[PDB]
K.L.:
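My structure is below; once you've seen it, I'll send some questions.
First listed ligand is number 1; within each ligand, the first listed atom is number 1. Heads up: numbering here begins at 1 and tracks the sequence.
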Amino acid sequence: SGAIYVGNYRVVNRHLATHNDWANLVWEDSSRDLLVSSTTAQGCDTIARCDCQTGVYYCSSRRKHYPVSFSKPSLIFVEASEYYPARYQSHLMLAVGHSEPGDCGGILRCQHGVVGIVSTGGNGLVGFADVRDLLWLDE
Ligand SMILES: CSc1ccccc1N(C)C(=O)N1CCC[C@H](C(N)=O)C1
Ligand SMILES: [Zn+2]
């Protein structure tokens with residue numbers, strides 16, 4: 001679980017969006033596993049605008065923040081789960097790190113701010129949904 005709170009926006013994994021989220025929708029993309037809903041109060045997260053490939057992510061299944069190197073946002077095969085059929089997920093970055101289902105929503109941050117949120121994983125892999133291209137989150 002977890003979200004990004006920037007301006008009057010709440011950014012969550014689309015597969016974990018609550019009933020309150022769909023009733024206040026701004027934008028969603030199934031192929032990216034992202035959903036953005038509107039908020040009444042202003043949030044304080046800053047979105048990174050960079051091409052960093054090193055950062056720190058929060059892993060709820062270990063209660064630890066880990067430093068990682070991560071790939072550039074790409075179209076990557078994601079196996080079928082209870083939330084999506086087998087498909088390519090776009091704008092996804094992989095790192096070598098622990099993750100389990102339950103860790104989705106953990107923030108990945110670099111020196112410039114929020115880069116993305118945990119969205120997928122594997123044996124010793126963790127995947128993050130990038131948000132650095134969503135320039136409109138700033139305005
Ligand atoms: C952190 S998720 C995880 C971690 C280790 C191992 C497996 C997973 N699973 C199952 C995973 O990748 N998911 C389930 C949630 C939806 C994901 C998606 N964006 O399509 C696919
Ligand atoms: Zn950066």
K.L.:
Less than 4.5 Å apart, any side-chain heavy atom of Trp136 and any of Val26?
P.N.:
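When only atoms from C-beta onward are counted, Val26 and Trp136 do touch, with a gap below 4.5 Å.
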K.L.:
Tell me if a side-chain donor or acceptor on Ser99 pairs with a main-chain N or O of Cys59 at a distance below 3.5 Å.
P.N.:
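No, the answer is negative, given that no donor and acceptor are paired below the 3.5 Å cut-off.
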K.L.:
In Å and rounded to the nearest 0.5 Å, what is the OG to NZ distance from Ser74 to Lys72?
P.N.:
9.5 Å
K.L.:
Any protein N or O within less than 3.5 Å of an N or O in ligand 1? List each pair with its distance, or say none.
P.N.:
from: ligand 1; atom 1: 12 (O); to: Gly121; atom 2: N; distance (Å): 3.0
from: ligand 1; atom 1: 19 (N); to: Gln89; atom 2: OE1; distance (Å): 3.0
from: ligand 1; atom 1: 19 (N); to: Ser119; atom 2: O; distance (Å): 3.0
from: ligand 1; atom 1: 19 (N); to: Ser119; atom 2: OG; distance (Å): 3.2
from: ligand 1; atom 1: 20 (O); to: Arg87; atom 2: NH1; distance (Å): 3.1

K.L.:
Between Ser119 and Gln89, does any side-chain donor sit less than 3.5 Å from a side-chain acceptor?
P.N.:
yes
K.L.:
So, using ring-ring contact (aromatic ring centres under 6.0 Å, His included) as the criterion, who are the partners of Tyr88 when residues are at least two apart?
P.N.:
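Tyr88: no ring-ring contact (aromatic ring centres under 6.0 Å, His included) contacts found.
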K.L.:
Protein N, O or S atoms less than 2.8 Å from the Zn ion (ligand 2), ignoring waters?
P.N.:
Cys50 SG, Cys52 SG, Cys110 SG, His112 ND1
K.L.:
Which other residues end up in the same hydrophobic cluster as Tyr66, if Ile, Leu, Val, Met, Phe, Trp and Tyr are linked when side-chain heavy atoms come under 4.5 Å apart?
P.N.:
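Other cluster members: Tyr57, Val68, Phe70, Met93, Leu108, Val115, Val118, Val126, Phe128.
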K.L.:
Would a distance-only check, ignoring hydrogens and angles, find a side-chain to backbone donor-acceptor pair under 3.5 Å from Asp21 to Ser37?
P.N.:
no
K.L.:
So, the side chain of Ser81 versus the backbone of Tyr83: is there a donor-acceptor pair under 3.5 Å, distance only?
P.N.:
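It does hold such a pair.
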K.L.:
Using atom types as modelled and distance alone, determine if a side-chain donor or acceptor of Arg32 lies under 3.5 Å from a backbone N or O of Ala129.
P.N.:
no
